[PDB]
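Asker: Next up is a structure, given as structure tokens.
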RNA sequence: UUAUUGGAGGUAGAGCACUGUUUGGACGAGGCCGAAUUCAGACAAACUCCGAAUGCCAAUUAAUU
RNA sequence: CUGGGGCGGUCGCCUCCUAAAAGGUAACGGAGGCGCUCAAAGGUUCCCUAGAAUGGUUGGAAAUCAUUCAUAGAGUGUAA
RNA sequence: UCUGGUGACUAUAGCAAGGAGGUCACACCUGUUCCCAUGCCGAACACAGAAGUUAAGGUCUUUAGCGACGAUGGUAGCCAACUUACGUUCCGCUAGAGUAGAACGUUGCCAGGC
């Protein structure tokens, strides 16, 4: 009786392996992105200290809108872009958690690229 | 039916894996492709490199490190394969037994004692090839699996 | 007439630690010479081609634990 | 296993020597090295 | 005639003879046994010589246990040649025994019969022994 | 089912123990329910004569200083050579 | 040279968790008995789940020199 | 060179034990190797993870397997 | 406040059981037109759905049956002495490993909706 495997478990493992040579540090903070089966969350974290200074999700009250299930990501990326533009919108390291770079993440990743985020 | 507390604890049929045994192409240059087409003649899929020629797990003649073929069929193709297994695969067998352990290839202990390609009759075949079809199910018990082995299809 | 066949041996490679803990070192100074990853590199500490641990910043050495059964050496800029 | 001397087209100097297996690759090796005098990744050819 | 089926190295370094017995200082198989009080090397020839002298007087009327087995082989240069030419060939197998280590163990026989059988096997051993019984206090 | 012990003083040198083991005394320890770690000493002949009634396992009444506690034999370091005890462990049965 | 503190390392012991060696119980594997998993108990310069005392490197203030 | 010489055997480099928990340390002391190979066995990005026993080729009791244990038991161009 | 998201501490943080959920959120499930995929199977990956379902993952409870963490008290060894020599002996120093008793079902940081 072949048993199924958790999707978050494997993802976490992969994410940990990619976080062995990449971390935020004030000037260059890491942009962690959490993609669920409903919405997507993103927040600029500073590993050096260990405190967040940004927040953007697809389940936000100013983001919640019947889209095409991919347009939200674009808005999410532009939403945090302006928030990050207020203070600290220069060189930043983009973290793809543990998922692939192709898909909804790509749209959210390029969303800040066209916003001005030098990354 | 048998006291399932929810409508999701009912067992399912996990997968269906089968193809030819050795088909040793070290002296059978085209028999490899012939058996590949024979496996493609039951269900149309490219044949890969694995041991998918058993009735269950592994408990037969030893050797190891071979070079056979295998096929993965688990969707509505699997349902059609079972339909053809009740039509052409019960033309020559006509003998429903019962077991839930191992057979040909905790397994890894054999790769022999299989069928002889009965549905592949010599109407377009050059030989007979062991193609035992391992049964993969979501069965939590071998006797519950036997209850499903007679359920909806030949004992 | 008994014979022998065990009089061959290679040279010894001075391995081990080269800097003590709490000692001031300058960037480029070797800290450890080993055959593998006996001690992992910490902060401001790179690994050489022959698995040699060296410092990149001038400061004091610090041997600490990394994980639960692995050691690591780091260097701090604070004089 | 023999020696190989990657000749240049403009340099005219053998500042790139490597090794290869004649039994493995009997054809002439053609890679893109960098001649300082020309200061441009040029296509070198084995003599 | 007791020797390992196979060994990694045929040349050891001669086991050290100091301190007290590491383990095996109590009888756990029979009711009576022979306990050593001195340190010395026990060869296989002596081990089998004492066992044959014990069963001969026991007339196959009980069980005998050997808590020692030659694990280290020793070499020896024959015909006394000049020193410095390498190690010699294996001569036999020995076993280091420290004070407080049980040697033999008898069971299923008279208490006075085991006291006489153990005394006969102690004359073929090069170490001072002592008759002891299963302790429980 | 009775025994009189004597609270041992702190920091005992090797010589002290040797002299204490040279006579008829054997260092012991007491610990368990409703009690702390206390080091005492008893007599060898008085212990063996009071351990044949209850046997290996049996509740005993130790007189730790000016009190009586019900303890049993948890562990005991024995010396094969010259068959003499060296240490005894008492655990509160309560 | 002490005092005080920090660190690097696998020896003496001990141990069987790996590698090899071993003893009694226990192993089945064929129309009649032989390739074993556990239980207990041993051994090791080229075995280690462990692990001192000394020595060694250094740092600081003190104290003598 | 050499537990007199001769005869034999060795003579350079690499790993372990002897070596006494830093490093170093001898003997005609105890064990093994090298005198290369590779155009991918290189670089970078990305993704993966043995032995036991039951549908029996009278069966080597390990066909190239189903999924339990794998818990890494493997695997690494080469000796440790 | 809550569950989440991301960090710091040595498994006291693990595994096993026996429970209760929950549907805020997770999951599960429905597909293969769509980018994108199998050394082939849409299993995974990807995208679209998201009707149903807590059955499973699962969060919160209970239990020390494992595993890990282990007081003390003893002594094995050892440093320095003294003695006779050392398969030692005695006097000081530091005091192990095994084992008993016991403790353990983790503590913390930050952001959000709540």
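Chains as they are written, first to last, in the deposited numbering: chain M, 1 to 119; chain F, 19 to 123, 127 to 176; chain U, 15 to 93; chain A, 2 to 48; chain K, 1 to 137; chain T, 2 to 95. Cβ coordinates follow ideal geometry from the N, Cα and C atoms, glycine included.
(1) Out of K:113, K:1 and K:24, state which residue places its alpha-carbon closest to the alpha-carbon of residue 67 of chain K.
(2) Given that residue 161 of chain F touches chain M, what residues does it touch there, using C-beta distances under 9 Å?
(3) Tell me whether the beta-carbon of residue 74 of chain U lies closer than 8 Å to the beta-carbon of residue 36 of chain U.
(4) Applying a beta-carbon distance threshold of less than 9 Å, which residues of chain M neighbour residue 33 of chain F?
(5) Do residue 127 of chain M and residue 107 of chain M have their C-beta atoms closer together than 8 Å?
(6) Whole angstroms are fine: how far does the CA of residue 35 of chain T sit from the CA of residue 70 of chain T?
(7) Give me the DSSP bridge partner(s) of residue 73 of chain U.
(8) Looking at chain U, is there any beta carbon in it that lies within less than 8 Å of the beta carbon of residue 89 of chain K?
(9) Considering only their Cβ atoms, is the gap separating residue 117 of chain M from residue 89 of chain M smaller than 8 Å?
(10) Run the CB neighbour count on residue 86 of chain K, radius 10 Å, all protein chains shown included, and call it buried at 16 or more, exposed below.
(11) Use the C-beta contact count for residue 27 of chain M: other C-beta atoms within 10 angstroms, 16 or more gives buried, fewer gives exposed.
(12) Verify whether the separation of the beta carbon atoms of residue 117 of chain K and residue 132 of chain K is less than 8 Å.
(13) What are the residues in the region 64-90 of chain K lying within 7 Å of chain U by C-beta distance?
(14) Which same chain residues end up closer than 8 Å to residue 109 of chain F when comparing Cβ atoms and leaving out the 5 residues on each side of it in sequence?
(15) Consider the Cβ of residue 61 of chain K: report whether some Cβ of chain T lies at a distance smaller than 8 Å.
(16) Going by alpha carbons, who is nearest to residue 35 of chain A out of A:44, A:18, A:19 and A:5?
(17) Applying the 10 Å Cβ sphere with the 16-neighbour rule, what's the burial state of residue 29 of chain M?
(18) Just to confirm before moving on: does the CB-CB distance between residue 65 of chain T and residue 43 of chain T stay below 8 Å?
(19) Indicate the three-state DSSP secondary structure (helix, strand or coil) for residue 70 of chain T in the structure shown.
(20) Using beta carbons (cut-off 8 Å, strictly below), is residue 157 of chain F in contact with chain M?
(21) If you check the beta carbons only, do residue 31 of chain M and residue 98 of chain M fall under 8 Å apart?
(22) Which residue comes first and which comes last in the beta strand (DSSP E) that contains residue 157 of chain F?
(23) Using a Cβ-Cβ cut-off of less than 8 Å, give me the residues of the region 26-43 of chain K that come near chain T, in sequence order.
(24) What did DSSP end up calling residue 45 of chain T once you bin it into helix, strand or coil?
(25) Evaluate residue 122 of chain K with the Cβ neighbour count: other Cβ atoms within 10 Å of its Cβ, from every protein chain shown; 16 or more gives buried, anything less gives exposed.
(26) Find out if the Cβ-Cβ distance for the pair residue 48 of chain K, residue 74 of chain K is shorter than 8 Å.
(27) If I'm right that residue 17 of chain K touches residue 39 of chain K with Cβ under 8 Å, what's the distance once you round it to whole angstroms?
(28) May I ask you to report which of helix, strand or coil DSSP gives residue 67 of chain M?
(29) Which full runs of the beta strand (DSSP E) of 3+ residues lie inside the region 30-77 of chain M, going along the chain?
(30) Chain K beta carbons: is any one of them nearer than 8 Å to that of residue 28 of chain T?
(31) Would you mind stating whether residue 33 of chain M and residue 95 of chain M have Cβ atoms separated by less than 8 Å?
(32) So which residues of chain K does residue 18 of chain T contact, with C-beta pairs closer than 8 Å?
(33) Of the residues that make up the region 30-51 of chain T, which ones have a beta carbon closer than 9 Å to any beta carbon in chain K?
(34) Does the CB of residue 99 of chain K have a neighbour CB from chain T at under 8 Å?
(35) Where DSSP assigns a beta bridge to residue 15 of chain M, which residues make up the other side?
(36) From the DSSP output, in three-state form, read off residue 91 of chain K for me.
Answerer: Straight from the coordinates:
(1) Cα-wise, what sits closest to residue 67 of chain K is K:24.
(2) Chain M residues near residue 161 of chain F: 1.
(3) Contact flag set, yes.
(4) What residue 33 of chain F touches in chain M: 2.
(5) Not covered by the structure: residue 127 of chain M. The range shown for chain M is 1 to 119.
(6) If I take the Cα positions, the gap works out to 10 Å.
(7) In DSSP, residue 73 of chain U forms a bridge with U:39.
(8) Not closer than 8 Å to any Cβ of chain U, the Cβ of residue 89 of chain K fails to qualify, so no.
(9) Contact flag set, yes.
(10) Answer is exposed; the Cβ neighbour count stays below 16.
(11) Under this definition residue 27 of chain M is an exposed residue.
(12) Taking 8 Å as the Cβ cut-off, residue 117 of chain K and residue 132 of chain K do not qualify as a contacting pair.
(13) Cβ contacts with chain U: 85 and 86.
(14) The residues are 139 and 140.
(15) Not one chain T Cβ lies under 8 Å of residue 61 of chain K.
(16) Checked all of A:44, A:18, A:19 and A:5; the closest Cα to residue 35 of chain A is A:44.
(17) When all chains shown are included, residue 29 of chain M counts as buried.
(18) No, these two residues do not count as a Cβ contact at 8 Å.
(19) Residue 70 of chain T sits in a strand when the DSSP states are folded into three classes.
(20) The beta-carbon of residue 157 of chain F is placed less than 8 Å from the nearest beta-carbon of chain M.
(21) Taking the C-beta atoms as reference points, residue 98 of chain M is found no nearer than 8 Å to residue 31 of chain M.
(22) Per DSSP, residue 157 of chain F belongs to the beta strand (DSSP E) from 155-157.
(23) For the region 26-43 of chain K, which is checked against every Cβ of chain T, the residues closer than 8 Å are 26, 35 and 37.
(24) In the structure shown, residue 45 of chain T sits in a helix (DSSP, three-state: H, G or I).
(25) Buried, by the Cβ-count rule.
(26) Result no, Cβ atoms of residue 48 of chain K and residue 74 of chain K do not sit closer than 8 Å.
(27) Indeed they touch by this definition, with Cβ atoms about 5 Å apart.
(28) Three-state result, residue 67 of chain M: coil.
(29) Runs of the beta strand (DSSP E) inside the region 30-77 of chain M: 30-35 and 40-46.
(30) Cβ-Cβ to chain K under 8 Å: no for residue 28 of chain T.
(31) Yes, the pair counts as a contact, with Cβ atoms nearer than the cut-off.
(32) Contacts between residue 18 of chain T and chain K, judged by CB atoms closer than 8 Å, are missing: the closest CB pair is about 18 Å apart.
(33) Listed in sequence order: 49.
(34) At least one CB of chain T lies nearer than 8 Å to the CB of residue 99 of chain K.
(35) Per DSSP, none; premise fails for residue 15 of chain M.
(36) In the structure shown, residue 91 of chain K adopts extended strand secondary structure according to DSSP, grouped into three states.
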